[PDB]
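Structure below is coords_16.tsv: TSV, C-alpha atoms.
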chain	number	residue	atom	x	y	z
W	1	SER	CA	39.13	80.41	223.22
W	2	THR	CA	38.76	76.71	223.97
W	3	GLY	CA	41.14	77.30	226.86
W	4	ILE	CA	38.78	79.97	228.09
W	5	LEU	CA	35.89	77.51	227.96
W	6	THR	CA	37.74	74.70	229.75
W	7	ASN	CA	38.92	77.17	232.38
W	8	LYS	CA	35.36	78.33	233.00
W	9	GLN	CA	34.55	74.66	233.39
W	10	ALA	CA	37.34	74.11	235.94
W	11	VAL	CA	36.32	77.25	237.84
W	12	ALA	CA	32.66	76.20	237.82
W	13	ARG	CA	33.41	72.71	239.17
W	14	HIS	CA	35.46	74.28	241.96
W	15	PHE	CA	32.58	76.52	243.08
W	16	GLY	CA	29.77	74.13	242.22
W	17	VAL	CA	28.12	76.55	239.79
W	18	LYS	CA	27.31	76.22	236.08
W	19	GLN	CA	29.94	76.80	233.39
W	20	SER	CA	27.88	79.67	232.01
W	21	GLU	CA	27.78	81.38	235.42
W	22	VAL	CA	31.49	82.18	235.18
W	23	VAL	CA	32.66	85.48	233.60
W	24	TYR	CA	36.19	86.66	232.83
W	25	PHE	CA	36.92	90.20	233.91
W	26	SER	CA	37.41	92.72	231.11
W	27	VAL	CA	36.71	96.44	231.11
W	28	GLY	CA	33.12	96.90	230.01
W	29	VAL	CA	31.93	93.28	230.32
W	30	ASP	CA	28.30	92.82	231.33
W	31	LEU	CA	28.26	91.33	234.85
W	32	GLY	CA	24.55	90.59	235.20
W	33	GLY	CA	23.52	87.03	236.04
W	34	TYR	CA	27.07	85.79	236.67
W	35	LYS	CA	27.95	83.94	239.92
W	36	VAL	CA	31.74	83.88	239.71
W	37	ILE	CA	34.30	86.21	238.12
W	38	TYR	CA	37.80	85.21	236.99
W	39	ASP	CA	40.82	87.55	236.87
W	40	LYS	CA	42.90	86.31	233.94
W	41	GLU	CA	46.00	88.22	235.06
W	42	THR	CA	46.18	87.00	238.67
W	43	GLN	CA	44.40	83.75	237.76
W	44	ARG	CA	42.14	83.94	240.82
W	45	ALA	CA	38.37	83.53	240.84
W	46	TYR	CA	35.81	85.04	243.20
W	47	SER	CA	32.12	84.57	243.89
W	48	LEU	CA	30.07	87.61	242.86
W	49	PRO	CA	27.45	89.21	245.07
W	50	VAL	CA	23.93	88.18	244.08
W	51	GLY	CA	21.81	91.01	242.65
W	52	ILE	CA	24.02	92.61	239.96
W	53	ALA	CA	21.50	93.92	237.43
W	54	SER	CA	21.76	93.21	233.73
W	55	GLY	CA	23.35	96.22	232.07
W	56	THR	CA	25.82	96.60	234.91
W	57	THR	CA	29.27	96.57	233.36
W	58	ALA	CA	32.75	96.10	234.81
W	59	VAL	CA	35.07	99.08	235.27
W	60	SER	CA	38.15	97.84	237.15
W	61	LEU	CA	39.38	94.90	239.24
W	62	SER	CA	42.33	95.53	241.55
W	63	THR	CA	44.96	93.04	242.70
W	64	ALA	CA	43.23	93.20	246.11
W	65	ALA	CA	40.17	91.97	244.23
W	66	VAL	CA	38.21	95.18	244.61
W	67	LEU	CA	35.72	95.26	241.75
W	68	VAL	CA	34.35	98.55	240.49
W	69	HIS	CA	31.38	98.37	238.15
W	70	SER	CA	28.95	100.87	236.61
W	71	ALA	CA	26.45	100.56	239.49
W	72	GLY	CA	28.87	100.60	242.41
W	73	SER	CA	31.73	98.70	244.02
W	74	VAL	CA	32.46	95.49	245.97
W	75	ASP	CA	35.44	93.97	247.78
W	76	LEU	CA	35.45	90.41	246.40
W	77	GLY	CA	38.19	89.52	248.86
W	78	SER	CA	35.97	90.39	251.82
W	79	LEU	CA	33.03	88.57	250.28
W	80	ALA	CA	35.21	85.48	249.76
W	81	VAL	CA	36.23	85.61	253.42
W	82	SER	CA	32.58	85.65	254.53
W	83	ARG	CA	32.09	82.58	252.33
W	84	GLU	CA	35.20	80.71	253.54
W	85	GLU	CA	36.50	80.62	249.96
W	86	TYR	CA	40.22	80.84	250.57
W	87	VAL	CA	43.53	80.48	248.84
W	88	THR	CA	46.27	78.90	250.95
W	89	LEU	CA	49.47	80.55	249.74
W	90	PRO	CA	52.60	78.50	249.10
W	91	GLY	CA	55.10	78.42	251.94
W	92	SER	CA	54.60	79.67	255.47
W	93	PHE	CA	55.43	82.36	258.01
W	94	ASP	CA	58.88	80.80	258.25
W	95	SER	CA	59.48	81.01	254.50
W	96	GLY	CA	57.94	84.46	254.30
W	97	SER	CA	55.41	85.50	251.68
W	98	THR	CA	53.46	88.41	250.26
W	99	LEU	CA	49.70	88.75	250.70
W	100	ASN	CA	47.55	90.73	248.28
W	101	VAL	CA	43.99	89.58	248.98
W	102	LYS	CA	41.85	89.23	252.09
W	103	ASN	CA	41.04	85.62	251.19
W	104	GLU	CA	44.70	84.53	251.19
W	105	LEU	CA	45.91	82.38	254.07
W	106	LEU	CA	49.47	81.93	255.28
W	107	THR	CA	50.32	78.77	257.19
W	108	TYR	CA	52.00	78.92	260.58
W	109	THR	CA	53.09	75.95	262.73
W	110	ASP	CA	49.81	76.09	264.71
W	111	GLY	CA	47.35	76.70	261.82
W	112	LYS	CA	46.37	79.22	259.12
W	113	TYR	CA	45.85	83.00	259.32
W	114	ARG	CA	44.42	85.70	257.08
W	115	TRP	CA	45.61	89.33	257.20
W	116	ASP	CA	42.96	91.84	258.29
W	117	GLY	CA	45.18	94.90	257.96
W	118	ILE	CA	46.52	97.03	255.13
W	119	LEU	CA	47.24	95.17	251.89
N	1	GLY	CA	44.89	66.98	227.81
N	2	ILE	CA	47.77	68.18	229.98
N	3	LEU	CA	46.93	71.84	229.48
N	4	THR	CA	43.30	71.46	230.57
N	5	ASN	CA	44.48	69.35	233.52
N	6	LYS	CA	46.96	72.00	234.63
N	7	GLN	CA	43.96	74.36	234.53
N	8	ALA	CA	41.79	72.14	236.74
N	9	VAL	CA	44.66	71.57	239.17
N	10	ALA	CA	45.67	75.23	239.23
N	11	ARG	CA	42.13	76.37	240.00
N	12	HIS	CA	41.96	73.84	242.84
N	13	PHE	CA	45.04	75.23	244.56
N	14	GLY	CA	44.60	78.87	243.59
N	15	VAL	CA	47.81	79.07	241.59
N	16	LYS	CA	48.64	79.93	237.99
N	17	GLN	CA	48.45	77.30	235.27
N	18	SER	CA	52.18	77.86	234.65
N	19	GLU	CA	52.90	77.08	238.31
N	20	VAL	CA	51.82	73.46	237.93
N	21	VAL	CA	54.38	70.87	236.82
N	22	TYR	CA	53.88	67.17	236.02
N	23	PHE	CA	56.22	64.70	237.62
N	24	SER	CA	58.62	62.92	235.26
N	25	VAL	CA	62.17	61.76	235.88
N	26	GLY	CA	64.54	64.71	235.40
N	27	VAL	CA	61.84	67.42	235.41
N	28	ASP	CA	63.02	70.82	236.69
N	29	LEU	CA	61.11	71.81	239.85
N	30	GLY	CA	62.26	75.42	240.14
N	31	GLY	CA	59.53	78.00	240.71
N	32	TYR	CA	56.67	75.52	240.53
N	33	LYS	CA	54.05	75.61	243.30
N	34	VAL	CA	52.13	72.39	242.59
N	35	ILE	CA	53.26	69.00	241.28
N	36	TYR	CA	50.97	66.47	239.58
N	37	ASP	CA	51.43	62.68	239.51
N	38	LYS	CA	49.94	61.38	236.26
N	39	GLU	CA	50.01	57.77	237.52
N	40	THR	CA	48.07	58.24	240.78
N	41	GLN	CA	46.31	61.32	239.36
N	42	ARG	CA	47.01	63.24	242.58
N	43	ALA	CA	48.36	66.77	242.98
N	44	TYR	CA	50.51	68.18	245.81
N	45	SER	CA	51.73	71.65	246.79
N	46	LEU	CA	55.53	71.77	246.52
N	47	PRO	CA	57.67	73.10	249.37
N	48	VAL	CA	58.92	76.64	248.69
N	49	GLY	CA	62.60	77.37	248.03
N	50	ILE	CA	63.46	74.66	245.52
N	51	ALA	CA	66.48	76.09	243.68
N	52	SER	CA	66.39	76.44	239.90
N	53	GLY	CA	68.23	73.50	238.36
N	54	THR	CA	66.80	71.12	240.96
N	55	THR	CA	65.45	68.11	239.06
N	56	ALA	CA	63.06	65.29	240.01
N	57	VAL	CA	64.42	61.79	240.63
N	58	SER	CA	61.39	59.84	241.86
N	59	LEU	CA	57.84	60.11	243.21
N	60	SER	CA	56.54	57.17	245.29
N	61	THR	CA	52.92	56.06	245.70
N	62	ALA	CA	53.23	57.52	249.22
N	63	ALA	CA	54.01	60.90	247.60
N	64	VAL	CA	57.63	60.97	248.74
N	65	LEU	CA	59.45	63.17	246.19
N	66	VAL	CA	63.16	62.64	245.65
N	67	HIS	CA	65.08	65.33	243.75
N	68	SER	CA	68.65	66.64	243.03
N	69	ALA	CA	68.87	68.52	246.34
N	70	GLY	CA	67.15	65.96	248.58
N	71	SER	CA	63.65	64.71	249.34
N	72	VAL	CA	60.26	65.73	250.70
N	73	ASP	CA	57.13	63.84	251.81
N	74	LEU	CA	54.44	65.78	249.92
N	75	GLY	CA	51.86	63.91	252.00
N	76	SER	CA	53.16	65.44	255.24
N	77	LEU	CA	53.49	68.83	253.61
N	78	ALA	CA	49.88	68.50	252.43
N	79	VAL	CA	48.76	67.68	255.99
N	80	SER	CA	50.62	70.74	257.32
N	81	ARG	CA	48.66	72.81	254.76
N	82	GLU	CA	45.32	71.02	255.41
N	83	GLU	CA	45.17	69.81	251.81
N	84	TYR	CA	43.44	66.40	251.82
N	85	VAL	CA	41.75	63.84	249.66
N	86	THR	CA	38.70	62.12	251.19
N	87	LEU	CA	38.83	58.56	249.91
N	88	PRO	CA	35.72	56.88	248.56
N	89	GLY	CA	33.82	54.72	251.06
N	90	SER	CA	34.43	54.53	254.77
N	91	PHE	CA	35.62	52.37	257.64
N	92	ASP	CA	32.45	50.30	257.06
N	93	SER	CA	33.35	49.69	253.39
N	94	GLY	CA	37.05	49.35	254.15
N	95	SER	CA	39.79	50.90	251.97
N	96	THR	CA	43.55	51.17	251.40
N	97	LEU	CA	45.44	54.35	252.38
N	98	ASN	CA	48.61	55.20	250.47
N	99	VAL	CA	49.35	58.82	251.38
N	100	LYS	CA	49.53	60.87	254.58
N	101	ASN	CA	46.97	63.35	253.24
N	102	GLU	CA	44.28	60.76	252.59
N	103	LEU	CA	41.24	60.71	254.90
N	104	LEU	CA	38.90	57.80	255.61
N	105	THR	CA	35.43	58.70	256.88
N	106	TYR	CA	34.01	57.02	259.99
N	107	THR	CA	30.63	57.49	261.69
N	108	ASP	CA	31.94	60.36	263.84
N	109	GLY	CA	34.27	62.13	261.39
N	110	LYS	CA	37.39	61.70	259.26
N	111	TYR	CA	40.78	60.27	260.08
N	112	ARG	CA	44.21	60.20	258.49
N	113	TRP	CA	46.74	57.39	259.10
N	114	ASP	CA	49.97	58.42	260.84
N	115	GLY	CA	51.66	55.02	260.73
N	116	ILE	CA	53.20	52.77	258.10
N	117	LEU	CA	51.81	53.11	254.59
Would you write the structure of this file as C-alpha cells?
Amino acid sequence: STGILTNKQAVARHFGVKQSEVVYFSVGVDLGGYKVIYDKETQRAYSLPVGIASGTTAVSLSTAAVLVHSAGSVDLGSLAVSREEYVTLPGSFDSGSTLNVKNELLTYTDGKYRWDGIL
Amino acid sequence: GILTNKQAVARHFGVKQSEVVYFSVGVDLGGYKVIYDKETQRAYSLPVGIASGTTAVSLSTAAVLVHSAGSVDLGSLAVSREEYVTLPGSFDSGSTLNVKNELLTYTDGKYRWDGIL
C-alpha cells in the first residue's frame, strides 16, 4: 500500500540504503538485488547477504530470523550480529524478557548482552 | 502524518508501529514501548511494567514523564539503554542541552550533561 511504501522508506533511512532496496518477506518473493528484508509479522528488518541471484525466491522466515530461500539458507540474526545491527529490547534483566533473535540485546546494570545459546 | 511517524519511530527502536504512543494529557500508557513528544519531536523508550489504566499527566522539555502511578525521567532511562541524540554542532559552536540523553560533540569525543538542565 502507501503504508508499505512509507515503511520501506523508514527502513531504508535506518539502514542508509535506497527505498527500492527494501523487500517485504512473502512466500515466493524474488529476493535478488535487495539489501534489506522486512518481516511484516514481527516488524523487524534485517540486512540481506550480498550475492542473492535474481530468480532466487523466498521460502520461509522464522521468528529467529532464519531465512530459507530457493538457493539455500541464511541466519539473518547472525548476519545482523556481525554487522552490529541490534535491537535493544524493552526492559532489562531485572524486569525479565524473552529473546527470539540473535541480534536482540537485553540491558543489565553494567551494559548490554546478546544471547549466544538456544533460542 | 502520525501513522507514518509511528512507522519511522518504530523502525528506529525496533518495535511495532502499534507499540508507539504519542504523548497527550490523559493518554493511556499501558503496553506501549516507545513514547513520542510531538512538541520536541523526540522519542523515548518507556519503562516496562506500566499498568493498564495508567494515564499521562505531563511531559517536560527535560523528558520527565508524570503519569497516574508516578513519574519517570525518560532521559535517564534512555542513557541506561544507550539511546542518545547527538545534537547539531559542537562545543566550538556552542549549544543548549535539554535532556539527559543529548550528546554534544567535542574534539575528542561526545559528552552528556549530568547536572542541572
Q. Of the residues N:87, N:29, N:117, N:34, which is the one nearest to residue 68 of chain N, using only C-alpha atoms?
A.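 Smallest separation from residue 68 of chain N among the options: N:29.
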Q. Counting all atoms listed in the file, which residues from chain W have an atom at most 7 Å from any atom of chain N, and could you show them as a list in words?
A.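 The selection requested is residues 6, 7, 10, 11, 14, 43, 44, 87, 90, 91 and 107 of chain W.
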Q | From W:54, W:19, W:88, W:82, residue lying nearest residue 33 of chain W [all atoms listed in the file] | A |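 Among the listed residues, the smallest separation from residue 33 of chain W belongs to W:54.
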Q. In terms of the shortest atom-to-atom distance over only C-alpha atoms, which of N:37, N:22, N:2, N:57 is closest to residue 3 of chain W?
A.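 Distance minimum relative to residue 3 of chain W lands on N:2.
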Q | Atomic distance atom CA of residue 53 of chain W - atom CA of residue 102 of chain W, expressed in Å with one decimal | A |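 Between atom CA of residue 53 of chain W and atom CA of residue 102 of chain W the gap works out to 25.5 Å.
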Q.
Could you tell me how far atom CA of residue 4 of chain W sits from atom CA of residue 42 of chain W, in Å to one decimal place?
A. 14.7 Å
